[PDB]
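Given next, in structure tokens, is a single chain: the form deposited without this ligand.
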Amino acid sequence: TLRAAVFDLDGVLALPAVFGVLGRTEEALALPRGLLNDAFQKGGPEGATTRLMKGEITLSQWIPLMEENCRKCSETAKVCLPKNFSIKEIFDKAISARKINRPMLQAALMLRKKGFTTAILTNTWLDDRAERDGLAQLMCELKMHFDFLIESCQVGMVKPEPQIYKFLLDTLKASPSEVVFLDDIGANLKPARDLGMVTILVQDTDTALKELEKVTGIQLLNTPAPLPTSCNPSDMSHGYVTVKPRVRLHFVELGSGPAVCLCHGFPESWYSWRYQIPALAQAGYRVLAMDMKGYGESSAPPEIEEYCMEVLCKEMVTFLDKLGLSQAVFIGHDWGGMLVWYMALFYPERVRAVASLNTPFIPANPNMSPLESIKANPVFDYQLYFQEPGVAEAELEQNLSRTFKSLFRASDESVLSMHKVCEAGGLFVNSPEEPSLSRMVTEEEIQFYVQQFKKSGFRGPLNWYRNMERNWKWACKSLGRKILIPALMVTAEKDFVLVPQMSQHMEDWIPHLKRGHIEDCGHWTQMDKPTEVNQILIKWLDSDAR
């Protein structure tokens, strides 16, 4: 019974295969058949290519050895190579063209999810070309999805030599019969077959995948659309910045490029962005996913005034100051979306671009108290219950697993009334003691939130709602301003509190505003519809945030 799957890189996990470009160049240049593929394999196990694949020499050192082999091969076949012939140009283009074979990666991901140990086994080189980064990026994206990556140039062994196979078996800690081995080269497949391993000669992906599902007994072809890559908390880079004597802000950091600061809502975590972090980093951004003040590993002082928008924004400015960032794009959800609009209004010089999920920008009415405005809409009545210090804390901290299981549900999974909460005596009245698990979250994901809220509880989080008068007074100073920096408003059809129609007049204050809209999406936007969120954010980032 199989428990490990092994994939080659060239022609298996990545396409078009770099090997096939030798035959393509020949046909394109009307050269004798196999001329380039012959110069490539010249000398066999003692030749330039084997030395390159074993790591004896780098790619830049092999280029002149390949050029000389091409001269020797054209001499024997009695022909002449063109004027502007370049091996570097041919390989630069072939490497650049080669992309991840998405269905093969999906099959490998599915096998690992079901408990398989997966590995990439590849004959590769030490790339020192000026353009080496493109391959480095490709290898990085791929490797993180597998238990092992075995490169010939790092182990000093090469396929089809039998040592690399016994080495593969040793790293897998499995007997040959427990291993499936996929390769596009028959000769390289041969020693694994001869050892007792299940083998698949890969030509077209579809047939290779049919052979793979037949032998593993796991459906890999025509499978439902997979969720985006998530985050394992213990595998992240964790960052800590003291913004003032009693306040430190924690964040998770991934990627390179323009800084993108993700600001969660209530009662959340940096982890609420788990499906966005790998996707935004892969799209070419440096993601900083915050634990907002009052949450997770960030400081949670008790004082109400420590959570007014003025203080929170000032601290986010200091956070950038301390990290040495002149700007960041600010993306917020719920209370984080409110912070992000005020960052744009008060510190436009520090905001590269602004995006909000669900939270609209609504200007302060200076002729009406916020308490009056909130009372007009019965949708916000539950926030009156959050006003009295200690009341909501006691109920929300009573049973954490119940709190999060009840809150984090899709639009059709509602378990909480969320109307007449302040008049029924609680948020959890006529709510199950043991809610079912939502289709949005695993038990493990709920337990992460439970573990985070064990440190500071709900006081700091609830304080974000206790500054209505202070926030309103501050917001009134900005009434003559407009938001003229790049801005995105993302509405969620089924958020019944932060309704899409609340965003309707935003163009009056943000004339250049761009929009996104997600259908059949509830309040917990990022985990409800992760694929669409990522699609919307990446598209806007690439067009408006550089």
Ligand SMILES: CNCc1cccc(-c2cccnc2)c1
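Note that residue numbering begins at 1 and tracks the sequence as displayed.
What comes next is about the form deposited with this ligand bound, which is not displayed.
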| field | Steric status of site, this ligand superimposed as seen in the deposited complex, threshold 2.4 angstroms to backbone or C-beta | value | open
| query | Only one of 251-259, 211-219, 380-388, 237-245 gets a heavy atom within 4.5 Å of this ligand in the deposited complex; which is it? | reply | 380-388
| 4.5 Å heavy atom contact, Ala394 to this ligand in the deposited complex | no
| message | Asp291 versus this ligand, in the deposited complex: is there a non-hydrogen atom within 4.5 Å? | response | no
| If you check in the deposited complex, is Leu29 within 4.5 Å of this ligand, heavy atoms only? | no
| At the 4.5 Å heavy atom threshold, is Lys529 in contact with this ligand in the deposited complex? | no
| said: Looking at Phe146, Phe448, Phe266, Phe116 here, can you tell me which has any non-hydrogen atom within 4.5 angstroms of this ligand in the deposited complex? | reply: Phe266
| field | One residue of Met418, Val79, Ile100, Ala97 in contact with this ligand, assessed in the deposited complex (non-hydrogen atom, 4.5 angstroms) | value | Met418
| query | Is it the case that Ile120, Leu169 and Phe181 all touch this ligand in the deposited complex, with a non-hydrogen atom of each within 4.5 angstroms? | reply | no
| remark: In sequence order, the residues of 455-478 that place a heavy atom within 4.5 Å of this ligand in the deposited complex are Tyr465
